[PDB]
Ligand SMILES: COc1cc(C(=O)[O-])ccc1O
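Next up: a single chain in structure tokens, the form deposited without ligand VNL.
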């Protein structure tokens, strides 16, 4: 039986068909209670009071130490390493030799020769592969995300990681600290007081990400919850937590673009057969027999400004060949509310042969990687919708998408919701029929945009 991704792909037929029919099940945000009050009030609180996000369990952590730690990062990231020093974090974005996004995550520069990566599995795997096979003088400690279904088992992480966010977040933070606390610039790191402990901070309406050794997790949680009551702070569960990004604009789920190309053959031979890459799933209406049509490059998902050709890095030549002006662009799509009502109404039709794909709330994704076709009035595919749910703050279904560069803000397109042929074999997919949902191109981060009218609907020139 296959022991690595390369063997999995060789034995598994068409790669798209494999991923689109994977049996992995839901992409789960583990361990944290689904809800503490209810997801609607929890969503409301991060806009109107304050929240504690529990980020301890859904991300892979990679502790990177040694003389070559910074070089490893520089060699593999599009980001400029110039001027980088401890107590500044970056959004680490690696591309392949072909210029496609592998993944992304937050890399903390904790001290000289000491970094930590926090993010989904794929960029951590890529980092580990280059540390292990590239001769770097570095030491790596990998700490997996928590199990999707603990079923009563104990769960252990090396660190706990929280965020305090919302309009009253700083009031809570200064109450915990015991006095005024300087608001540093975005992604600069410092420390604060919590219950007599020195807690390191990352500046994220200002808020903070905080972290510490797993063993002090409840001591920190309890102090934050107690201090925050005065300002209406509440804890957010795992049901509401992942939908925040629908408002903030970050696409979590680019397909790791590592399935083709002989410059990636050795990486595929290194990746385990039960890796995210080998075992994950793709969900949605976009169908191509070519897995490369699911790849994205940094310019398409908002990382263009990160690309700096001031250092050597994997894929630099391919990125230099890209014309930024013509690339797809990240947008928020605002889904039509009548169409949403029609999706949900179909669940209560006892006579219809089929209903529309179930749209879970507040997060509607049903695979690791999401890929719904976005269409114009002529049926041209003009975009790919990549993360989907609902905001109780806006009273709107929303999706994050990358679409053709020339499409004006305010354009009404359609998102094809659901899968063909009654559904793929994914275990998250009930039998259903498809629906074209009207959706209005809006900014990212989302803001309400007036729908523009075009005679006969907007279509490509």
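Numbering follows the first chain given and starts at 1.
Below, we turn to the form deposited with ligand VNL bound, even though it does not appear here.
Peer 1: Three or more ligand atoms within 2.4 Å of the backbone or C-beta would mean blocked. So with ligand VNL superimposed as it binds in the deposited complex, which is it here, open or blocked?
Peer 2: Answer open: no ligand atom comes within 2.4 Å of backbone or C-beta.
Peer 1: Does ligand VNL get within 4.5 angstroms of any non-hydrogen atom of residue 252 in the deposited complex?
Peer 2: Output for residue 252 is yes: heavy atoms within 4.5 Å of ligand VNL.
Peer 1: Does residue 245 reach ligand VNL in the deposited complex, with heavy atoms at most 4.5 Å apart?
Peer 2: Although ligand VNL is absent here, residue 245 would touch it in the deposited complex, with heavy atoms inside 4.5 Å.
Peer 1: If you check in the deposited complex, is residue 27 within 4.5 Å of ligand VNL, heavy atoms only?
Peer 2: Residue 27: contacts ligand VNL in the deposited complex.
Peer 1: I'd like to know if residue 55 sits close to ligand VNL in the deposited complex, meaning any non-hydrogen atom pair within 4.5 angstroms.
Peer 2: Contact check for residue 55: yes, within 4.5 Å of ligand VNL in the deposited complex.
Peer 1: Within 4.5 Å, heavy atoms only, which of 416, 59, 70, 32 is in contact with ligand VNL in the deposited complex?
Peer 2: By the 4.5 Å criterion, the partner-contacting residue is 59.
Peer 1: Answer with one of 366, 299, 241, 115: the residue that has a non-hydrogen atom within 4.5 Å of ligand VNL in the deposited complex.
Peer 2: Flagged contact: 241.
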